[PDB]
Amino acid sequence: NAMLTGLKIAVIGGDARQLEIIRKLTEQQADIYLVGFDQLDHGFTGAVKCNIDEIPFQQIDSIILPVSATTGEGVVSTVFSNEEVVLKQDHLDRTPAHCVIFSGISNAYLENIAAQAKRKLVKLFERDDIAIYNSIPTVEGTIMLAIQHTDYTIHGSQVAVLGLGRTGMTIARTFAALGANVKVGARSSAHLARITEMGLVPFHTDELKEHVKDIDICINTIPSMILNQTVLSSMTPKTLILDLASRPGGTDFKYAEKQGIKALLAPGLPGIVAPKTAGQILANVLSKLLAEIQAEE
Amino acid sequence: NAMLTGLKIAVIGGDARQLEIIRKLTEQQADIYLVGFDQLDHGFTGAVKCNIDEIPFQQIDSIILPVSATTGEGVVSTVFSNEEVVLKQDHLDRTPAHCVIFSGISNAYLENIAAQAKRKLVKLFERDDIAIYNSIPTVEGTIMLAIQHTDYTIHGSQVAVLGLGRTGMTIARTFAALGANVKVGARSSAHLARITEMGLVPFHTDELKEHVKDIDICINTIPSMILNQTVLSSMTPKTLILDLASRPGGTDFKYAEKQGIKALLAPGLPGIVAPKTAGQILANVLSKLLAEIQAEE
Amino acid sequence: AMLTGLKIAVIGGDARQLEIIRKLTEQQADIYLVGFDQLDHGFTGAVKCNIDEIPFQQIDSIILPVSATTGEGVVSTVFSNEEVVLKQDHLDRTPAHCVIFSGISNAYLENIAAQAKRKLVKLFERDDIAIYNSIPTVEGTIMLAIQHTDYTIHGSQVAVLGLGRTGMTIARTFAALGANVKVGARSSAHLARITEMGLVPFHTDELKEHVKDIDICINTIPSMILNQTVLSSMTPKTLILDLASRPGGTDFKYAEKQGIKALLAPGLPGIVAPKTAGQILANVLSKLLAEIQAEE
Amino acid sequence: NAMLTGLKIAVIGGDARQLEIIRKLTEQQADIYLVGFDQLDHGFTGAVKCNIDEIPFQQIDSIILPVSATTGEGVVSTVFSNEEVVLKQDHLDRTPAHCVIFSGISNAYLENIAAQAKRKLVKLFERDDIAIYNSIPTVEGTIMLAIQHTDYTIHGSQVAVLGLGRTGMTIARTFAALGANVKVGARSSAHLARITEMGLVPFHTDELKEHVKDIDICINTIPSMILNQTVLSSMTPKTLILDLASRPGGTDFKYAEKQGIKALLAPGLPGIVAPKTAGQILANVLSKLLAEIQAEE
Ligand SMILES: NC(=O)c1ccc[n+]([C@@H]2O[C@H](COP(=O)([O-])OP(=O)(O)OC[C@H]3O[C@@H](n4cnc5c(N)ncnc54)[C@H](OP(=O)(O)O)[C@@H]3O)[C@@H](O)[C@H]2O)c1
Ligand SMILES: NC(=O)c1ccc[n+]([C@@H]2O[C@H](COP(=O)([O-])OP(=O)(O)OC[C@H]3O[C@@H](n4cnc5c(N)ncnc54)[C@H](OP(=O)(O)O)[C@@H]3O)[C@@H](O)[C@H]2O)c1
Ligand SMILES: NC(=O)c1ccc[n+]([C@@H]2O[C@H](COP(=O)([O-])OP(=O)(O)OC[C@H]3O[C@@H](n4cnc5c(N)ncnc54)[C@H](OP(=O)(O)O)[C@@H]3O)[C@@H](O)[C@H]2O)c1
Ligand SMILES: NC(=O)c1ccc[n+]([C@@H]2O[C@H](COP(=O)([O-])OP(=O)(O)OC[C@H]3O[C@@H](n4cnc5c(N)ncnc54)[C@H](OP(=O)(O)O)[C@@H]3O)[C@@H](O)[C@H]2O)c1
Ligand SMILES: [Cl-]
Ligand SMILES: [Cl-]
Ligand SMILES: [Cl-]
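The rules behind the values
Residues numbered from 1 in each chain as written, not as in the entry; some residues may be left out. Chains lettered and ligands numbered in written order. Heavy atoms only, no water. Least-squares fit on C-alpha atoms. Contact = heavy atoms within 4.5 Å. Near = heavy atom within 4 Å. Polar contact = N/O pair within 3.5 Å; in protein donor to acceptor, adjacent residues only side chain to side chain. Areas by Shrake-Rupley, 256 points an atom, 1.4 Å probe, with all protein chains shown as cover. Nonpolar A, V, L, I, M, F, W, Y, C, P; charged D, E, K, R; others polar. UniProt positions renumbered as here; feature names shortened; annotations may be inferred. Helix = DSSP H or I, 4+ residues; strand = E, 2+ residues; numbered from the N terminus. Buried < 20%, exposed > 50% of the residue type's maximum accessible area, 1.4 Å probe, protein only. Pairing = 2+ DSSP bridges. Axes fitted to C-alpha atoms, helices over the stretch in contact; angles between N-to-C directions. Salt bridge = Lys/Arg side-chain N within 4 Å of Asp/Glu carboxyl O. Buried area = accessible area lost by both parts, 1.4 Å probe.

- Its PDB header attributes the entry to X-ray crystallography and lists the resolution as 2.790 Å.

So this is what it looks like as structure tokens:
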């Protein structure tokens, strides 16, 4: 019922997730340009496969890069093409004023050539809805890791979730629902109250030492050094640390290794564990945002 | 072990709720002056019953007032006293610099005489943690209200909760727990996304009309008149509206009435339904805040 | 699902029976309605008559109210100024396959049905009714819990006695409401189940030790266990909601002497949620009545 | 407090599971003869490692065998032994009257030589509480399988669980807690009601074909040919079938493979997925039962 006819999009690069986007945009009758897909028989009606120097940027209303957009040299990551794909300044200049670029995470090079071309760059992984929606595949990732790195059942174990942010809330809820005894560490009184209303056990992150002495699994959400040497000193090798924070994560890895503590940094859970879902999530937010651009012209 | 020894505090007036407050402060060995409690059948450890004119204000580190501090002319509300208790400007002036006045909701008279006295006034109900803790007693209230004004079972019914704010989140989780088919309406994309992670049905409040056409119970949270004449026009008399938003609520009651719709505004639900717990919440936050004041000197 | 070729007598009843008649007319059963003269709306394909005016020879089922009848055999109508008595001969004129449905147990009814060689189903005794009914019964228990305490169900200490049909529902619901629930049973399988549901299990032999410091004790066991020696550990702080059938599972006269509020709550579904209660009945009957029709 | 002090027990072969069992019995100060573990890197307090011919059976109060007790020729499975342990009739014959033998599942050889020795044989897996305790580690195994065999999230999918028996209950409950949309098929009036009170969608299995047309995941718990060719012909390749029932499950796996449908048989999930919990579950039941033998004598 909601359409995107009279828009012209370039999908440059991607993985299993971009397929969901492409699927979505063709359902919404956008005019689609595909670069980085020459190998795959996607089965996507109407879509036109070409290189980056054969895209008519003059007419392009939007560019959809992959989640981790570009390397140093600015090469776009493809998985369904052998030909290396590179995004240049010049490409973004040939582009209308109202043209918006979409990517997942930050990148000095992409922010550069976008500020330089005076074109808007939306960093999806920074919106709340994307983080929140993405917490779902990320719990499922976390559950998966815990199941396969322990000899015991999640149910009835002692589980700490560090931080009650957009994902922490989801991790703690789902772990509790799975039957674990879940405790949560936060700092704001608001988070501590919510924890208790959710029926969980709250501790302040100042007391992290005392509250992880004897826990079975410790899941970190805090994008900072919280699982410091002083705190790991109190832990036993009975504890699995699943650290979900963005690199360099939240835990003194060298020290843990020393103490015989398995501490895993697990970047990119959604893409790894549920690409159809991870993909549908971006596709849906993207279809909402593109629609707004279209209503204005 | 967390104590409150070197502390002078007046507790002036109160409900059943205040009984919990005194209880905690006296467990914590504070020095207390109780006015408005002559009619109470017992005492507390460390506190005297006296008059406002009897208290040594020059030394008081904190004053505690009822949820609803004062009525115009300075009268403090008392449930446990025959004698009318009036708080004067002169009282607060006699007070040292660091002294904190605690209350619940806003009140013109109190704010005046306090700012005038150059003394800090903390209205506890504007804090997030209070609001979040209180949402629990308030669902219980709302559950109560739903059981009595319906001849059907909450379980398996259609319930809308409007708003995923501090309390709305608790109302939604709880009616879901209890077996209703809960949809929740909100405006922000993060709310919309969280409503889905919690396994509920989200809608945008711009669709309010369409999503309340056929529901059994519509619990409102939003401080704005969203249940307006035009939304109600296509609701049926079969709907119960339970309005928890503060005066003036969220609904065109007058119209609902004509339409044959039971819409009920339900203020101060924590106070009515679980006075002990309502009181225990205030006490617990009050404790924390006084430990801070005690730490400055 | 149609009861097209089925003659059914509904005799006496309350709001709930109306619900059944509704559903049974929806399915185009031929209904005979006795003890409903004081009612002013009718029912499609239903004839209001006297008990002595029904062709019992052709009735395939007979439906009585929840509390079947008195010792003298008079059915409890709410919808008639006139007194209706069910006799042995009514049931003898009835065909071999005719089923009498009622709710609870009754000596007179069991006797006349047995002497008539006629199947008497007591619905409140069947698992599904017990289970469907457990829902409106928690809500009732919740209700009582809310109005009889000054504290919140959330974060309280709750004990539920018996993981039977209703107790199962009573525990999951209270736990989901954020109460700390522990449940006493006796069989190992019940204790396993309690453990899986994430709740704290104890054995009813340990009952004195496990109810010292609870806030609400909810009872489901139809046998005396909240007794004088147990009760003597508990303190007036504790609230007992005994849901078991009369006499209950509590030494109430003792709870009295100790100052413990202990309530007997019979017939919660009918009180808390009459529309639902009647639908539960209605729906099972319709499922059951089709089974009868499936043979002839 | 519950001690097994005056008791002589032989533990003959077994898994990592048996370690938890031994750990428990030794903690209860039983006297243990441990055969099948020469190759374990540590020992236990109060138990000697030995050979079956070294066991003083004439005094053994009880013999504890592996989950799958024994082969046809009488060999006992040992994962911690080079040497081949074989259990003879003569061994049970030497044993005293009250002596009880414990094993996991059924098996003829054992069954036979017990009966012929006139000695009590308890098969643990046939117990209600074992079955239910094990359901927990088994859902987690199932969750794992779901996660590893799909490219989408469990949250928000269509899940069908077949049967509400001892494990079906746990399975249906836990996938629902994961945020799936769970329907469950049973046949008793009583199970159907239970399902509905559980807040899930019930159906009768007579209707299976109808209800699995659009499911993402189908979990069978029924030890009968239910997921048959005629049912399977309605399904689409998109569906994943997890068959948890004992070999040969409830599926036409040969038809399912032809139709392009992945269907898995997943035997002994507790053992694979959480051996510590499997073991502990077994020990706590064993401990409780050996206490009955001790009381009797
Ligand atoms: N592994 C993956 O595939 C994956 C998936 C999703 C997210 N992530 C990463 O995981 C991290 C989690 O962030 P998020 O998306 O959940 O959003 P978020 O809302 O920012 O989560 C961070 C939370 O941690 C709290 N926090 C920060 N410092 C703290 C401290 N010292 N003590 C106690 N609490 C503290 C913050 O609360 P306050 O307001 O109290 O400071 C904030 O609520 C991010 O770095 C994100 O990139 C990774
Ligand atoms: N009687 C009682 O038992 C009692 C007890 C506690 C609270 N209350 C009342 O309940 C209300 C709820 O407040 P709270 O403390 O729960 O938290 P809150 O944060 O104040 O909740 C309000 C929520 O409504 C949303 N909202 C506001 N205006 C909207 C609009 N015009 N359309 C759609 N959504 C809108 C907001 O979302 P955005 O952030 O997107 O704006 C916000 O999340 C307050 O009025 C409070 O006075 C009553
Ligand atoms: N007043 C109302 O509104 C209301 C509503 C519904 C039901 N009820 C009544 O409340 C009772 C509830 O029974 P129900 O329908 O839930 O089904 P139920 O299956 O009878 O529940 C009873 C459970 O209690 C257990 N039990 C009996 N004696 C025990 C003992 N001495 N120690 C430990 N456990 C014991 C049984 O377990 P075992 O397997 O160990 O024997 C059984 O599982 C019935 O009497 C019913 O009439 C009242
Ligand atoms: N792979 C593993 O790790 C693992 C783990 C545990 C169990 N299992 C296997 O899975 C099966 C599960 O049984 P369980 O332990 O969960 O206990 P169970 O109580 O016997 O489960 C079977 C349930 O299915 C229902 N049922 C039986 N036949 C049916 C049919 N034809 N149509 C519809 N429903 C039917 C039964 O209800 P009714 O009363 O109507 O007959 C019963 O409640 C067992 O065979 C077991 O060996 C495997
Ligand atoms: Cl704060
Ligand atoms: Cl927004
Ligand atoms: Cl038993």
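## Quick word on the relation of the copies chain A and chain D
Right, so step 1: Each copy superposes on the other: chain A lies on chain D with an RMSD of 0.6 Å after a rotation of 180 degrees and an axial shift of 0.0 Å. Expressed as an axis order, the relation between the two copies is that of a two-fold axis.
Right, so step 2: Of all interface residues in chain A, 100% are interface residues in chain D too; the two copies therefore contact each other through one and the same surface.

## Details of the site of ligand 1
Residue and element names in this part refer to chain A.
Right, so step 1: In the neighbourhood of ligand 1, 20 residues make up the surrounding shell, with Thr-167, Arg-187, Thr-205, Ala-266 and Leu-269 lying closest.
Right, so step 2: Between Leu-269 and ligand 1, the recorded distance is 2.6 Å, taken from a backbone N or O atom to an oxygen atom.
Right, so step 3: Expressed as a share of its isolated accessible area of 910 Å², the protein-covered part of ligand 1 is 73%.
Right, so step 4: Partitioned by chemical class, the residues of the shell around ligand 1 number nine nonpolar, nine polar and two charged.

## Some remarks on the UniProt feature "binding site: NADP(+)" in chain C
All names here are of chain C.
Right, so step 1: In the numbering used here, UniProt assigns the feature "binding site: NADP(+)" to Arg-165, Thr-166, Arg-186, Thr-204, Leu-243, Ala-244, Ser-245, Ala-265, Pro-266, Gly-267 and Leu-268. The named residues occupy 104 residues along the chain; their greatest pairwise C-alpha distance, 25.8 Å, places them well apart from one another.
Right, so step 2: If you trace the backbone, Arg-186 turns up in the loop between β10 (180-185) and α6 (188-196).
Right, so step 3: For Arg-186, a relative accessible area of 69% translates into the label exposed.

## Structural notes on the sheet that holds strand β7 (residues 100-103) of chain B
All names here are of chain B.
Right, so step 1: A sheet is described by the order of its strands in space; here six strands give the open sequence β3-β2-β1-β4-β7-β8, paired in parallel fashion. One side of each edge strand has no neighbouring strand; the edge strands of this open sheet are β3 (47-49) and β8 (121-123). Each adjacent strand pair in this sheet contributes to an overall mean axis angle of 20 degrees, direction not counted.
Right, so step 2: Relative to β7, strand β4 (residues 62-64) runs parallel, the two sharing three bridges. Along β7, the bridge assignment pairs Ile-64 with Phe-102.

## Quick notes on the side chain of D:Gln18
Right, so step 1: Take D:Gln18: it is sitting in helix α1 (residues 17-27).
Right, so step 2: Those residues in contact with D:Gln18, other than ones at most four positions away along the chain, are D:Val11, D:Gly13, D:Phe37, D:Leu65, D:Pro66 and D:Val67.

## Considering the interface of chain A and chain D
Right, so step 1: Facing the 20 residues of chain A at the interface are 21 residues of chain D.
Right, so step 2: On the surface where chain A and chain D come into contact, there are zero salt bridges.
Right, so step 3: Across the contact surface, chain A and chain D share nine residue pairs in polar contact.
Right, so step 4: Here the side of chain A that touches chain D is built from residues that sort into twelve nonpolar, five polar and three charged.

## A word on the sheet that holds strand β7 (residues 99-102) of chain C
All names here are of chain C.
Right, so step 1: Taking strand neighbours across the sheet as the criterion, the six strands line up as β3-β2-β1-β4-β7-β8 in an open arrangement whose pairing is parallel. Looking at the sheet topology across the chains shown, the edges are occupied by β3 (46-49) and β8 (119-122). Adjacent strand axes in the sheet meet at a mean angle of 20 degrees when their direction is disregarded.
Right, so step 2: The sheet contact formed by strand β1 (residues 7-11) and strand β4 (residues 61-63) spans three bridges and is parallel. When the sheet's bridge partners are listed, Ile-8 is paired in β4 with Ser-61.
Right, so step 3: Across the face of the sheet, helix α3 (residues 107-116) comes into contact with β7 and β8 while running at roughly 150 degrees to β8.

## Details of the site of ligand 3
Residues and elements named next belong to chain C.
Right, so step 1: Surrounding ligand 3, one finds 18 residues, the nearest of these being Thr-166, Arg-186, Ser-245, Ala-265 and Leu-268.
Right, so step 2: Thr-166 is positioned such that a nitrogen or oxygen atom in its backbone is 2.7 Å from an oxygen atom of ligand 3.
Right, so step 3: Burial of ligand 3 by the surrounding chains reaches 74%, relative to a free accessible area of 920 Å².
Right, so step 4: Contributing elements (two or more residues each) for the shell around ligand 3: α5 (165-176) and α10 (268-272).
Right, so step 5: Its residues placed into classes, the shell around ligand 3 shows eight nonpolar, eight polar and two charged.

## Structural notes on the pattern of salt bridges
Residue and element names in this part refer to chain A.
Right, so step 1: Taken as a whole and judged by the stated rule, the model has 38 salt bridges over all chains.
Right, so step 2: A salt bridge links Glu-20 to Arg-23, with the nearest nitrogen and oxygen atoms 2.5 Å apart. Here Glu-20 and its partner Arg-23 are both found in helix α1 (residues 16-27), three residues apart, which amounts to about one turn of the helix.
Right, so step 3: On the basis of relative accessible area, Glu-20 is assigned to the buried category, the value being 8%.
Right, so step 4: Among the charged side chains, a network of salt bridges with common partners joins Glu-111, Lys-123 and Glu-126.

## Quick word on the interface of chain D and chain C
Right, so step 1: In this complex, chain D contributes 19 residues to the contact, which on the side of chain C involves 20 residues.
Right, so step 2: Buried area between chain D and chain C, summed over both chains or domains, comes out near 1600 Å², and the portion from carbon and sulfur atoms is 58%.
Right, so step 3: Seen at the junction of chain D and chain C, the total is two salt bridges.
Right, so step 4: Of the charged contacts, one joins D:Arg173 and C:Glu196 as a salt bridge, the two residues approaching to 2.9 Å between their closest N and O atoms.

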